[PDB]
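Asks: Give me coordinates for this.
(chains A, B and C, ligands or ions: 5)
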Amino acid sequence: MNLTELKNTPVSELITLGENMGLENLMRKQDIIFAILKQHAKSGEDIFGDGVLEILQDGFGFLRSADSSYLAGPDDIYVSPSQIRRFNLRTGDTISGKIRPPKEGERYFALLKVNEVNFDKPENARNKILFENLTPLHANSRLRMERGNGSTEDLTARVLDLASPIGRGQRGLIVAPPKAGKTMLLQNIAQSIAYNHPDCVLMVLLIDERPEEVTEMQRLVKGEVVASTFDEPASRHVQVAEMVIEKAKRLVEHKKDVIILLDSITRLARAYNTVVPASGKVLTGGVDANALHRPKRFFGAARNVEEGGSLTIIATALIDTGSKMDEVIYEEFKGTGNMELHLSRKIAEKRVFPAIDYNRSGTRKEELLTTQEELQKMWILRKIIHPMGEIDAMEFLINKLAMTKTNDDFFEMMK
Amino acid sequence: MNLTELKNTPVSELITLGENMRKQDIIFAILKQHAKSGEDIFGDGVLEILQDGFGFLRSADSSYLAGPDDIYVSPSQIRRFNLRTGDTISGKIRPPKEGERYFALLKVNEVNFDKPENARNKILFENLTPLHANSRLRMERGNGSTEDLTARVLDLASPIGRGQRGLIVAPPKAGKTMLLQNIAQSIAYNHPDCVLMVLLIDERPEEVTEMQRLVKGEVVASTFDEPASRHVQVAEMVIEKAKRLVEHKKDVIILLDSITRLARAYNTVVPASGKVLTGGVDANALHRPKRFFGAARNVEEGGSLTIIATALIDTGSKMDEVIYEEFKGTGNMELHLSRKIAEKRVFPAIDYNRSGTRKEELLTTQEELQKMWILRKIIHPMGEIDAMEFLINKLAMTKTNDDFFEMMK
RNA sequence: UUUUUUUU
Ligand SMILES: Nc1ncnc2c1ncn2[C@@H]1O[C@H](COP(=O)(O)OP(=O)(O)O)[C@@H](O)[C@H]1O
Ligand code: BEF
Ligand code: BEF
Ligand SMILES: [Mg+2]
Ligand SMILES: [Mg+2]
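Replies: Numbering: from 1, shown residues only, chains lettered A, B, ... in the order given. Ligands and ions are numbered 1, 2, ... in the order given. Please see the structure below:
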């Protein structure tokens, strides 16, 4: 008997289930769940709820739900300050426990006992090392994207491993003009993560992008999808993004390998510039002087932790939009991240995919994510591709890789 | 028994030692019972004089910011030895009496690692007579490693001397930080005498811990997770500590990364004057970082202050162009790194033609400068990439720039 | 008014 489980089930099964208990005529869907929960409480049976914690300024908090993009919701579960102090809870902590309907003079479900804090024992949460105190590091463990199934979509993953490898805790960018292939390449990334790295906690944050891409992503990726389309204001974009990044930080505190696929971070950087207080100083392109400190900390949250776990963020960026702002935002994030995979519009207009700008792509300290021979073969491959043009490079590399199933067999053939 | 020593020792020691006798409470109790025994207590830190007259010995673990374990310094002690912000002080300390919240300083044993009575009367930093760098700080190791190529090309392109005021100018991902890391290793390799300080301002956290583990010196960091107000304060303490050591005839070298983002931090804190330069830079924002960078200088009296700081260009923001060109009119050494060279994966990605050091004849022998001048004319007609691929390969044949000059003739 | 836009 769980609240969010009742919210997921269709209304048809809820109305039928409510009639089995013997209730009055079945009112809006939200009322069906509420009336069913109350009747179950009358029997003496226990009730359960869950959600990500958000501590308000007064000291208490609520358990936001994913169906509201972790925003204020009618089914939020109140968390008393005493409960927060007892287990050292902070914003982002996923909480599950027994709940009770609101009494007379109350408007929210209350939390009686917390069973699980971040998918673990509540006691283990009391003693922990905070995210701000974790010792940072360069990416060590390689997150190989290559399927190896000889698929035609696998070409994008294979070229990615050769141009700019991705490790745990990476802070990368999929930089390209509109319609170059950023979103689908991000989708291609989500598929390889779900297949090759099911151990990682995969999240897909969609900020100020197309709505049909939201449903396409949530029915394609094997993970959680938090979205805030361009139908939403910048105020919502920021708040939604803040909740996701804090939930990631909390899981990293539990030695988890979290991956955040952001699209787009340039749209998110614009959102911050919309809500930022005017400083009297504006950068070239119309970007406030203090507007990029917030998005830089969001993107900068991604990091490799020595104590355990990691936070990876692969976000898409826009360039050559005619607006200098996007060049400033991109260059600022490049001075923050450690990996950039460029996509060329010139290649995309020839319908050559993946339309990857090989020379401009790359990863920092890639020797820590590749074997000694792998790096030496990638190093030689770049020297050969560099003199080529943008299009000739991809047409050459894709035709060579298509001859074999894996890059390892391609390297053996390369000899 | 020193307080700093007791803060570095693990908690297990405080337990075992405590039986023989929070971490802030235990250390406080152990030291408190050391005074009743009559035995002396010691502590250390960097002094910061507040506006009222008294001061506090800040700790390096708190990045020289306000700390719970800071040591109060009486105003009388400041007058008796002419102490100023930045002085490193060690001495006997006493646990706070009732009504006090901090340990107190009884008497100073060492002021900047010297005797207090001798630091009382010395020529101030603002009174030292400046000069152009006339003492060469050779970067080349001569071990034959691939990492030495950066140092060798650096010696040929832009020699660094004691008191230099240089810049590692380049766009993002060109190789500024690792260029800076290579410089730190050569200073610890060839110049153990110089006091090496590494100031990391508004940069990546992973580069902080990485720096700390490969550099033989002090690492003061303030990552981009920190406010601009913290950047300034931390940078103010480091530059003042450097000035104090220079007053003691010591060769201090500060490797900053990045100074461009430090200038941004000053621009965020600076009061609005109503006049804003092109790019969003307040007309008074650059004064503070300009006197920070301009603090570096060669001193005739003895010792010097060297500052090699990285700078950003081609960021799409006219602000960084104003900042870079302003520091260029302040410094006297510039090492540019090219993005198109780094994108071809040619390291070091040094723009040979646009790099150089002022008054380089004071840092090189007459024969050495001749060969550098000849090598200059040969490389100039070449393109950026071809220049590096040419110089790197010719240096690869040799282990030392001296044997490379022998092949020249 | 400055910065942003003009503007490269
Ligand atoms: N001398 C070098 N040798 C090999 N790789 C280098 C060198 N200099 C820079 N790189 C590459 O560039 C990447 C980032 O360069 P970095 O020093 O961060 O430039 P910046 O500080 O200007 O951002 C590193 O991960 C490294 O792989
Ligand atoms: F139009 Be694309 F998604 F940048
Ligand atoms: F991104 Be670099 F460190 F400027
Ligand atoms: Mg898209
Ligand atoms: Mg750098």
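Asks: Quick check: the gap between residue A:20 and chain B.
Replies: Per CB to the nearest CB, to the nearest Å, residue A:20 is found 54 Å from chain B. Placement of C-beta: from N, CA and C, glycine included.
Asks: how about that residue, what does it touch?
Replies: Contact criterion CB atoms under 8 Å, 6 or more residues apart in numbering or on different chains gives no residues in contact with residue A:20.
Asks: Same question for residue A:269.
Replies: Residue A:269 makes contacts with A:291-292, A:295, A:329, A:332-333, as judged by CB under 8 Å, 6+ apart.
Asks: If we check chain B, which of those residues are in contact?
Replies: Contacts with chain B within the contacts of residue A:269, counted by CB under 8 Å from any CB of the partner chain: residue A:332.
Asks: For the contacts of residue A:269, which single residue is the most surrounded?
Replies: Within the contacts of residue A:269, most neighbours by other CB atoms under 10 Å in any protein chain shown means residue A:329, with 31 neighbours.
Asks: so what does the lengthiest helix in chain A touch, helix or strand wise?
Replies: The residue-count maximum for a helix in chain A (DSSP state H) belongs to helix A:234-253. In terms of contact count using 3 or more CB pairs under 8 Å, 6 or more residues apart in numbering or on different chains; DSSP states H and E, helix A:234-253 is assigned the packing partners strand A:48-55, strand A:94-100, strand A:201-207, strand A:224-228, strand A:257-263, helix A:265-275, helix A:293-300, strand A:310-317.
Asks: circling back: and which of the contacts of residue A:269 is nearest ligand 2?
Replies: residue A:329 (13.6 Å; CB to the nearest ligand atom).
Asks: Torsion angles phi and psi at that closest one?
Replies: Note on residue A:329: backbone dihedrals following degrees, to the nearest 10 are phi -60, psi -50.
Asks: That one contacts residue A:286, correct?
Replies: No - in this structure, residue A:329 is not within contact of residue A:286 by CB atoms under 8 Å, at 10.7 Å.
Asks: related to what we said a few turns ago, now that we have the helices and strands packed on helix A:234-253, can you turn them into CSV and tack on distance to ligand 2?
Replies: Formatted as CSV, these follow (distance: least, CB to the nearest ligand atom, whole Å):
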stretch, distance to ligand 2
strand A:48-55, 28
strand A:94-100, 31
strand A:201-207, 11
strand A:224-228, 14
strand A:257-263, 8
helix A:265-275, 9
helix A:293-300, 18
strand A:310-317, 7
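Asks: which of those sits most buried?
Replies: Among those, the stretch with the highest mean neighbour count (mean count of other CB atoms under 10 Å in any protein chain shown) is strand A:310-317, at a mean of 27.
Asks: which secondary structure elements does that one contact?
Replies: By 3+ CB pairs under 8 Å, 6+ apart, strand A:310-317 packs against strand A:171-175, helix A:182-196, helix A:234-253, strand A:257-263, helix A:265-275, strand A:303-305, helix A:324-334.
Asks: Could you pull up the residues touching residue A:410?
Replies: Residue A:410 sits in contact with A:158, A:400-401, A:403-404, where contact means CB under 8 Å, 6+ apart.
Asks: now do 10 Å
Replies: Listed by CB atoms under 10 Å, 6 or more residues apart in numbering or on different chains, the contact set of residue A:410 reads A:158, A:162, A:377, A:381, A:397, A:400-404.
Asks: Just confirm residue A:361 is within a helix.
Replies: No - according to DSSP: H, G, I helix; E, B strand; the rest coil, residue A:361 belongs to no helix; its state is strand.
Asks: tell me which parts of chain A are close to ligand 1?
Replies: With CB under 6 Å from any ligand atom as the criterion, chain A comes near ligand 1 at residues A:364-365.
Asks: And chain A, what are its domain boundaries?
Replies: A:2-127, A:128-415 (curated CATH domains).
Asks: Overlap of the contact sets of residue A:329 and residue A:286?
Replies: With CB under 10 Å, 6+ apart as the test, residue A:329 and residue A:286 both reach A:270, A:273, A:323.
Asks: any idea of the angle the longest helix of chain A forms with strand A:310-317?
Replies: 150 degrees (axes from the mean of the first three to the mean of the last three CA atoms, to 10 degrees).
Asks: chain center to helix A:234-253: distance?
Replies: Taking CA atoms, centre = their mean, to the nearest Å, one finds the center of helix A:234-253 at 9 Å from the center of the full chain.
Asks: The residue in chain A that ligand 3 sits nearest to - nearest residue in space that isn't next to it in sequence?
Replies: Closest approach between chain A and ligand 3, counting by CB to the nearest ligand atom: residue A:335, at 3.7 Å. When the adjacent residues along the chain are set aside, residue A:335 lies closest to residue B:172, with 3.9 Å between them (CB to CB, 6 or more residues apart in numbering or on different chains).
Asks: what about the helices in the stretch 1-150 of chain A?
Replies: For the stretch 1-150 of chain A, the helices defined by DSSP state H, counting those that start in this stretch occupy A:3-8, A:11-21, A:29-42, A:81-87, A:122-126.
Asks: which helices and strands sit right next to the shortest one?
Replies: Spelled out, that is helix A:122-126. helix A:81-87, strand A:94-100, strand A:109-117 (3 or more CB pairs under 10 Å, 6 or more residues apart in numbering or on different chains; DSSP states H and E).
Asks: for the third one, same thing?
Replies: Using 3+ CB pairs under 10 Å, 6+ apart as the contact criterion, the neighbours of helix A:29-42 among helices and strands are helix A:3-8, helix A:11-21, strand A:94-100.
Asks: What residues sit buried inside it?
Replies: Of all the residues in helix A:29-42, those buried under the rule 16 or more other CB atoms under 10 Å in any protein chain shown are A:32-37, A:40.
Asks: ditto for stretch A:322-329
Replies: Result for stretch A:322-329 [16+ other CB under 10 Å]: buried residues A:324-329.
Asks: is ligand 2 contacted by it?
Replies: No - applying CB under 6 Å from any ligand atom, one finds stretch A:322-329 separated from ligand 2 by no less than 10.4 Å.
Asks: and residue A:103, how many residues sit next to it?
Replies: Neighbourhood size, residue A:103 [other CB under 10 Å]: 7.
Asks: returning to what we had before: among the shared contacts of residue A:329 and residue A:286, name the ones that also lie close to RNA strand C.
Replies: Residues of the shared contacts of residue A:329 and residue A:286 in contact with RNA strand C (CB under 7 Å from any atom of the strand): none.
Asks: Out of the residues you listed, the closest to ligand 5 would be?
Replies: residue A:273 (24.0 Å; CB to the ion).
Asks: Residue A:323 is in contact with that closest one, correct?
Replies: No - at 11.8 Å, residue A:273 does not count as touching residue A:323 under the criterion of CB atoms under 10 Å.
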